[PDB]
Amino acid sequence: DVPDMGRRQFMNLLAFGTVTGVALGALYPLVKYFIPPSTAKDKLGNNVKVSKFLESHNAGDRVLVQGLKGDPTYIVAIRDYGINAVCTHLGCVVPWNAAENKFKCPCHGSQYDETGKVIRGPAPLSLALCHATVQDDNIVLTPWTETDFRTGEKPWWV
């Protein structure tokens, strides 16, 4: 005559179960909200005129240009690959040493090559590469798909 624990815990599963469903449905848009939304850029971050950069801009071109994912990338006619500046160790931008022809990190002293390949220091990986093709006004940068023409195998960024 009196509903036992089997029925008390059943309705609990029904009641508090659907309440959870509503809470989850209310949390999903809120969570996706905080997840941020997904042409080269110079100092200001607007547009890099290839007609102005090739003229007077540090003869012996080793100039930093803001590229993919905000990371600064060296732009070295022009070369095919773009040498990434962000060190693999922590994140210090690695300056180019023209007197040694090697990238030399300041925070530590791990060094690289003329192409970004690490030769010494506590740097686990080489400097990244990317397609530095020129299209119209600015410089269109597409991610490096194929294997490295420097390391010998598959890149760590693919």
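Position 1 is the first residue in the sequence shown; the rest follow in order.
According to the record, no deposited residue between residue 86 and residue 87 is left without atomic coordinates. According to the record, the deposited sequence contains 4 to 9 residues between residue 38 and residue 39 that were left without coordinates. The mean C-alpha temperature factor is higher for 126 to 134 when 126 to 134 and 27 to 35 are set side by side. As the entry records it, the average C-alpha temperature factor is higher for 146 to 154, out of 17 to 25 and 146 to 154. Taking the deposited Cα B-factors for 99, 118, 68, 92, the highest one is held by 99.
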